[PDB]
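**Student:** In order, the protein sequences belong to chains O and A. Heads up: the first sequence is residues 101 to 191, 205 to 249, going by PDB author numbering. Heads up: the second sequence is residues 101 to 191, 205 to 249, going by PDB author numbering. Dumping the structure here so I can ask a few things about it.
There are 2 protein chains.
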Amino acid sequence: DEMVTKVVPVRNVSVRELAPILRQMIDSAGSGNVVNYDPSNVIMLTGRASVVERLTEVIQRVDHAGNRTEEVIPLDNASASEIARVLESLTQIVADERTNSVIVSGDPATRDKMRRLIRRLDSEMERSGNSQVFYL
Amino acid sequence: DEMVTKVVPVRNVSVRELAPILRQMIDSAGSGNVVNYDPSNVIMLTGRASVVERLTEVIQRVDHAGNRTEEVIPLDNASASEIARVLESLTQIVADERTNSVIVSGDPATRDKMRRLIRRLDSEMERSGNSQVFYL
């Protein structure tokens, strides 16, 4: 029940995405607690140190959920520019020409699938391209 | 409870971004305190020296949160003009031609990621460009 103010930085999450759940706690929490939404992307929690505690818990646990990191997957055989059109015809993927490598972005579960699907599209063709040579 | 006036410069933050949280304190603070929003980008706090204290605390702590600094990352191998198109196809980046270097802007956490992602796109290609030479 201790009345205090607390600082919560909101990094990955849009601070107003959290409008419902932080203020809906005030329904249950009652008075004394205030939640502040600043487009400079922090959320200022001022109130009873237990209820703010959860919203340092909730957000910075929820701020984990939307975590988006990028990784460069090289391509030994196929052209990165094809794979960037194909994988984007199914549904963020950007191809780097120089190193022949595909930049991918998403949560670690989505960056699993495209990492398994790019290993098959990079599988080596057997000897037979669209071009063959016939000795007459 | 001392009634005073105080000067708060608001540097990085839009002074009207702080309309909710400074005036919502007046709800809890009560009378005697006044918060002034000047588009010349300061916020004049006149009132009880404890409640203004926090809003010198809050803002100049919040004014830290949106801190945006720029840095020039050189590029030894790749062209800065490519990396400026690629890194901007994922989502501020401006490339400098002469020194072959990319200007980047953002908070120190975002300027971490692009600094790790530019180290891979600058990694040296192994001997094999899009051009090879076949001796027949």
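We treat Cβ as the ideally placed atom computed from N, Cα and C, and that holds for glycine.
Rounded to whole angstroms, what's the CA-CA distance from O/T212 to O/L175? Just pull it up for me.
**Tutor:** Within the first sequence, residue 212 of chain O is the residue found at index 99, counting from 1. Within the first sequence, residue 175 of chain O is the residue found at index 75, counting from 1. Distance between the alpha carbons of O/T212 and O/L175: 8 Å.
**Student:** Helix, strand or coil: which one does DSSP assign to O/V151?
**Tutor:** Mapped onto the first sequence, residue 151 of chain O falls at position 51. Correct three-state label for O/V151: helix.
**Student:** Looking at chain O, is there any beta carbon in it that lies within less than 8 Å of the beta carbon of A/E182?
**Tutor:** Numbered from its first residue, the second sequence carries residue 182 of chain A at position 82. It does; some Cβ of chain O falls within 8 Å.
**Student:** Quick check on the DSSP output: the beta strand (DSSP E) that includes A/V217 runs from which residue to which?
**Tutor:** The residue given as residue 217 of chain A occupies position 104 in the second sequence. Unbroken beta strand (DSSP E) run through A/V217: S214 to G219.
**Student:** If the cut is a Cβ gap below 7 Å, which residues of chain O does A/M144 touch?
**Tutor:** If you number the second sequence from 1, residue 144 of chain A lands on position 44. Near A/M144 there are no residues of chain O at all, since even the closest Cβ is about 19 Å away, more than 7 Å.
**Student:** With the cut-off set at 8 Å, would you say O/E237 and O/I216 are in Cβ contact?
**Tutor:** To locate residue 237 of chain O, count along the first sequence from 1; it is residue 124. To locate residue 216 of chain O, count along the first sequence from 1; it is residue 103. Cβ distance not < 8 Å, so O/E237 and O/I216 don't count as in contact.
**Student:** What is the rounded straight-line gap between the Cα of O/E102 and the Cα of A/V152?
**Tutor:** Translated into the one-based positions of the first sequence, residue 102 of chain O becomes position 2. Translated into the one-based positions of the second sequence, residue 152 of chain A becomes position 52. In a straight line, the C-alpha of O/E102 is about 22 Å away from that of A/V152.
**Student:** Given that A/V113 touches chain O, what residues does it touch there, using C-beta distances under 9 Å?
**Tutor:** One-based indexing of the second sequence puts residue 113 of chain A at position 13. Result: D138 and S140.
**Student:** Could you round the C-beta distance between A/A184 and A/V172 to whole angstroms and report it? I think they count as a contact, below 8 Å.
**Tutor:** Looking up residue 184 of chain A in the second sequence gives position 84. Looking up residue 172 of chain A in the second sequence gives position 72. A/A184 to A/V172, Cβ: 13 Å. No contact.
**Student:** Starting from A/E170, trace the alpha helix (DSSP H) both ways and give me its first and last residue.
**Tutor:** In the second sequence, residue 170 of chain A corresponds to position 70, counting from 1. No alpha helix (DSSP H) contains A/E170, which is instead part of the beta strand (DSSP E) from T169 to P174.
**Student:** Assuming O/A129 is part of the beta strand (DSSP E), what are its boundary residues?
**Tutor:** Against the first sequence, residue 129 of chain O aligns to sequence position 29. Segment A119 to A129 is the alpha helix (DSSP H) holding O/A129; no beta strand (DSSP E) there.
**Student:** Inspect the beta-carbon positions of A/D225 and A/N167 and report whether they are closer than 8 Å.
**Tutor:** Within the second sequence, numbered from 1, the residue matching residue 225 of chain A stands at position 112. Within the second sequence, numbered from 1, the residue matching residue 167 of chain A stands at position 67. In this structure, A/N167 does not lie closer than 8 Å to A/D225 by Cβ.
**Student:** Of the residues that make up the stretch 216-239 of chain A, which ones have a beta carbon closer than 8 Å to any beta carbon in chain O?
**Tutor:** So the close ones are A222, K226, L230, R233, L234, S236 and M238.
**Student:** Within the same chain, show all residues whose beta-carbon is closer than 7 Å to that of A/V113, passing over the 5 residues directly before and after it, in chain order.
**Tutor:** Counting from one through the second sequence, the residue named residue 113 of chain A turns up at place 13. Contacts found: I159, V162, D163 and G166.
**Student:** With the cut-off set at 8 Å, would you say A/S214 and A/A180 are in Cβ contact?
**Tutor:** Numbered from its first residue, the second sequence carries residue 214 of chain A at position 101. Numbered from its first residue, the second sequence carries residue 180 of chain A at position 80. Cβ atoms of A/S214 and A/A180: closer than 8 Å.
**Student:** Count the CB pairs spanning the stretch 107-127 of chain A and the stretch 138-149 of chain A that are closer than 8 Å, and state whether there are at least three.
**Tutor:** Enough Cβ pairs lie closer than 8 Å, so yes.
**Student:** For A/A149, collect the residues of the same chain with a Cβ closer than 6 Å to its Cβ; drop the 5 residues on either side in sequence, then sort them by chain order.
**Tutor:** Locating residue 149 of chain A in the second sequence gives position 49, counting from the first residue. Closer than 6 Å at the Cβ level, and outside the excluded window around A/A149, lie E102 and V104.
**Student:** Could you tell me whether the Cβ of O/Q160 comes closer than 8 Å to any Cβ of chain A?
**Tutor:** Residue 160 of chain O sits at position 60 when you count from the first residue of the first sequence. No, no contact with chain A.
**Student:** Closer than 8 Å by beta-carbon distance: list the chain O residues that pair up with A/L190, in chain order.
**Tutor:** Mapped onto the second sequence, residue 190 of chain A falls at position 90. Per Cβ cutoff of 8 Å: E170, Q205, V207, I216 and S218.
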